[PDB]
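# Structural characterization, general
These are the residues of each chain, in order.
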Amino acid sequence: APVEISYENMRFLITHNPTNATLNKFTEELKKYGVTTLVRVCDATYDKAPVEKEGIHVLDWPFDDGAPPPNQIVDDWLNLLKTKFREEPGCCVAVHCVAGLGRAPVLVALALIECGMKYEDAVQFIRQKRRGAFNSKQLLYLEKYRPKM
Amino acid sequence: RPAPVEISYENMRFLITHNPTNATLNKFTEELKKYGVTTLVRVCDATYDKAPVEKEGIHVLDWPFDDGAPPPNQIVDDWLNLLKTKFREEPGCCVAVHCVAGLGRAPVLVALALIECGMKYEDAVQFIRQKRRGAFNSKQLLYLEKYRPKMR
Amino acid sequence: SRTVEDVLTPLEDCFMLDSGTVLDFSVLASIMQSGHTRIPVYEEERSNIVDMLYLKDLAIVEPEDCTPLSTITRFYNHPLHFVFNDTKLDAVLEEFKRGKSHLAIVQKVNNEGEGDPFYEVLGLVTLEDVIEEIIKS
Amino acid sequence: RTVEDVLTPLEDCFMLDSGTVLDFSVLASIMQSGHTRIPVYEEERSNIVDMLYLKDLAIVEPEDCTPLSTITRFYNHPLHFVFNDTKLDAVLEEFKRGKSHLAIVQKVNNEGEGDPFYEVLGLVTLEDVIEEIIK
């Protein structure tokens, strides 16, 4: 069962991946939250067209198990949010990795910090929402993360 | 309530019971035998064959009075005489009573004995309800307060 | 402070079955559709509760042929457990721990009547409810 | 006391596979257990997708043989997740906030250079929690 994370003008679903069996109820669940864009980081298994037809732009942006995001994925992630909250005020960004508690929330926590949340607070906020979040490796990257932007 | 209640006080000893069926007659008799009763007094539910009880040594007395009714003086006199002898003649032993669920006229009769054995009326009433919650309605409390002992 | 009376389920609202129930499909279905662990058995007045049906009782039936209730209750001969309406929650809690069972049936005494007193049966209370009333709020 | 002491570990749980057929001898095997609540796994036992209640089975007959996997899609019972370290009173809240009087028991996992996960440990019901409260 999926997780909302609101902070200010920003809005995030952390999800699980569907099967093709669940795909309709998955897409309907996305539509319920009013999403414009999925990012798949993991479980890149199912037909994306039925989701993209319903309005929901799907990006396979895969990186590694237990890893911080590659810098290029960061910049695409940052740019995606920056427009999509400005272009459609209100709307949500969906992510899933494999149980939604490693690299998927890293991308979220990334965003929060870039929105000028303190590192620790960003982290705690996520962990409040989903307990277990981040390995030590990713926590570090978060800590070491200086925002610009 | 099918679990019976002993009430001890000095050389007096009283089982209050439920009546059996015949389906339960043996286990009932064995239960009476356990407590070492020499005499049943049936006040109600005189429903079952008594000989299988008396064959096992236990004298069965049908001394019925009605629901709500107090003990008739002759029953009072007979009860009191029963205990006075039965506790002297066999020291140790118990008398069984039953009426219906054993919180009305059966524990009245027990209380009556206690008072005659020199228990304060109030004290008897509590001592019973101690062993049998809900014993005595109003009318019987009125009876018990109004009962004057002398005897044995 | 709080007695059993407060945690009680009143009698009309208890799921009960009569002692000459027959256990066909649709009764067994109703039993499962209740989803009580512990269904009490009356005869033929409701306030008169004779025996206790556990769930694992019905497990060793099939609805062949229709198999009657009053048999099954004779089988295990499950003991049934009485508590007074005015017993306090912590005290009734003690009785349950002395019990195997986690369900009591609830009497008060009846002093109205020129008759002998009797135990009026008021209904049911489960261990569950008693705890569920010491979360309290 | 945490869930963990009161937890039934997974091997010792009665459960059923997701492509169970409910025939006679299966429906009996459900009944002869006498849980109110039976979990539904796929196909690794630690992976639990759905949740057979009892009153589910009431409204089947073993005609024809009827799939389990249908029944569970029918009512679509939510399944309730608990952490291992949840203290017993805190668990008891979650049963009271839920309809449900069973939760499946998740331990976290930061062991491994991977992403975290929830390990699945086993099961804890209302009855067990109270059965501990008395002890």
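Residues numbered from 1 in each chain as written, not as in the entry; some residues may be left out. Chains lettered and ligands numbered in written order. Heavy atoms only, no water. Residues with missing side-chain atoms left out of burial classes, pairs and counts.

Named according to the PDB entry, chain B is Protein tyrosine phosphatase type IVA 2 originating from Mus musculus. The Catalytic activity comment attached to chain B in UniProt states, word for word, "O-phospho-L-tyrosyl-[protein] + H2O = L-tyrosyl-[protein] + phosphate". (UniProt positions renumbered as here; feature names shortened; annotations may be inferred.)

The PDB entry lists chain A under the name Protein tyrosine phosphatase type IVA 2, from Mus musculus. Quoted verbatim from the Catalytic activity heading of the UniProt record, the comment on chain A is "O-phospho-L-tyrosyl-[protein] + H2O = L-tyrosyl-[protein] + phosphate". You can read under Subunit in the UniProt record for chain A the words "In contrast to PTP4A1 and PTP4A3, does not interact with tubulin. Interacts with RABGGTB (By similarity)."

Bringing the overall build of chain B into the picture now. Counting its regular elements, chain B contains 6 helices and 5 strands. A compact globule built from 152 residues would reach a C-alpha radius of gyration of about 15 Å, and chain B, at 14 Å, matches this within 12%. Overall, chain B is about 40 × 30 × 30 Å in size when its C-alpha atoms are taken along their principal axes. The contacts of chain B with a sequence gap of at least 6 include a subset with a gap of at least 24, amounting to 62%. (Helix = DSSP H or I, 4+ residues; strand = E, 2+ residues; numbered from the N terminus. Rg over C-alpha atoms; globule rule 2.2 N^0.38 Å. Contact = heavy atoms within 4.5 Å.)

Glancing now at the interface of chain B and chain C. Taken together, the contacts link 15 residues of chain B with 10 residues of chain C. Of the residues that constitute the side of chain B that touches chain C, the class distribution is 4 nonpolar, 5 polar and 6 charged. (Nonpolar A, V, L, I, M, F, W, Y, C, P; charged D, E, K, R; others polar.)

Right, let's talk about the packing of aromatic side chains for a bit. Residue and element names in this part refer to chain A. Applying the stated rule across the entire model yields 11 aromatic pairs over all chains. Centre to centre, the rings of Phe12 and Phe85 are 5.7 Å apart; their planes meet at 90°, and the pair counts as edge-to-face. Within this pair, whereas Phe12 is found in strand β2 (residues 10-14), its partner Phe85 is found in helix α3 (residues 71-87), the two being separated by 73 residues in sequence. Neither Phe12 nor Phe85 differs from the other in exposure class; each is buried. The rings of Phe12, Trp77 and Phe85 are connected pair by pair, giving a single aromatic cluster. Lying over the aromatic face of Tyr46, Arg40 brings its terminal NZ or CZ to 3.9 Å of the ring centre. (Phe/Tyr/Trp six-rings, centres within 6.5 Å; stacked < 30°, edge-to-face > 60°. Buried < 20%, exposed > 50% of the residue type's maximum accessible area, 1.4 Å probe, protein only. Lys NZ or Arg CZ within 6 Å of the ring centre and 35° of its normal.)

So, about the UniProt feature "disulfide bond" in chain B. Residue and element names in this part refer to chain B. UniProt pairs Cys44 with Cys99 in a disulfide, and the structure agrees, placing their sulfur atoms 2.0 Å apart, under the 2.5 Å limit. One end of the pair, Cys44, is in the loop between β3 (37-42) and α2 (51-54); the other, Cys99, is in the loop between β5 (94-98) and α4 (105-116), with 55 residues separating them in the sequence. Just as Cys44 is buried, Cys99 falls in that class too. (Disulfide = S-S within 2.5 Å.)

All names here are of chain C. Taking strand neighbours across the sheet as the criterion, the 4 strands line up as β1-β9-β8-β7 in an open arrangement whose pairing is mixed. The strands lining the two open edges of the sheet, one partner per strand, are β1 (9-10) and β7 (82-84). Both β7 and strand β8 (residues 103-110) contribute to a ladder of 3 bridges, which runs parallel. Within the sheet, the bridge partner assigned to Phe82 lies in β8 and is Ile105. (Pairing = 2+ DSSP bridges.)

Before going further, it helps to spend a moment on the interface of chain D and chain A. The interface of chain D with chain A comprises 10 residues on the first partner and 14 residues on the second. When the two sides are added together, the surface that chain D and chain A hide from each other amounts to roughly 1,000 Å², 50% of it contributed by carbon and sulfur. Looking at the side of chain D facing chain A, the largest losses of area belong to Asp115(D), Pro116(D) and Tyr118(D), adding up to 55% of the total buried there. In this structure, the salt-bridge partner of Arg131(A) is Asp85(D), at a minimum N-O distance of 2.9 Å. Where chain D touches chain A, the interface holds 7 residue pairs in polar contact. Its residues assigned to classes, the side of chain D that touches chain A comprises 5 nonpolar, 2 polar and 3 charged. (Buried area = accessible area lost by both parts, 1.4 Å probe. Salt bridge = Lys/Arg side-chain N within 4 Å of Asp/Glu carboxyl O. Polar contact = N/O pair within 3.5 Å; in protein donor to acceptor, adjacent residues only side chain to side chain.)

It is worth spelling out the environment of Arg127(A) at this point. Residue and element names in this part refer to chain A. Looking at the secondary structure, you find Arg127 in helix α5 (residues 119-129). Taking the C-alpha atoms as reference, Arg127 lies 8.9 Å from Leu101; in sequence the two are 26 residues apart. When neighbours within four sequence positions are excluded, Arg127 is seen to be in contact with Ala133, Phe134 and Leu139. For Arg127, the side chain forms a polar contact with the main-chain oxygen of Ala133, separated by 2.7 Å.

Next up on the list: the nonpolar core. Residues and elements named next belong to chain A. By size, the foremost hydrophobic cluster in this structure holds 44 residues, and its most contacted members are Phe12, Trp77, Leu112, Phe134 and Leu142. Elements represented by at least two residues in this core include exactly β1 (3-7), β2, α3, β5 (92-96), α4 (103-114), α5 and α6 (136-144). The element that contributes the greatest number of residues to this core is α4, accounting for 9 residues. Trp77 has contacts with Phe12, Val39, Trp61, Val93, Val95, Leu107, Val108, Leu110 and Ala111, leaving out every residue within four places of it along the chain. (Core = buried A, V, L, I, M, F, W, Y, C linked by side-chain atoms within 4.5 Å.)

Here we take up the pattern of salt bridges. Enumeration according to the criterion identifies 22 salt bridges over all chains in this entry. Its salt-bridge partner being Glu56(B), residue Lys33(B) comes within 3.1 Å of it at the nearest N-O pair. Highlighted residues: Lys33(B) in helix α1 (residues 25-35) and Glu56(B) in the loop between α2 and β4 (59-62), separated in sequence by 23 residues. Residue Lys33(B) is classed as partly exposed on the basis of its relative accessible area of 45%. Judged by relative accessible area, which is 41%, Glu56(B) ranks as partly exposed. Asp62(B) serves as the salt-bridge partner of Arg42(B), at 2.5 Å between the closest nitrogen and oxygen. With a gap of 20 residues between them, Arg42(B) in strand β3 and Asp62(B) in strand β4 connect regions that are remote in the sequence. Each of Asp65(A), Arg103(A) and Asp115(D) takes part in one network of salt bridges that share partners.

Here we take up the sheet that holds strand β3 (residues 35-40) of chain A. All names here are of chain A. With mixed pairing, 5 strands are arranged side by side in an open sheet as β1-β2-β5-β3-β4. A single partner strand is all that each edge strand has here, and the edge strands are β1 and β4 (57-60). Taken over all neighbouring pairs, the strand axes of this sheet differ in orientation by 20° on average, direction set aside. Taken strand by strand, α4 contacts β1, β2 and β5, and its axis lies near 170° from that of β2. (Axes fitted to C-alpha atoms, helices over the stretch in contact; angles between N-to-C directions.)

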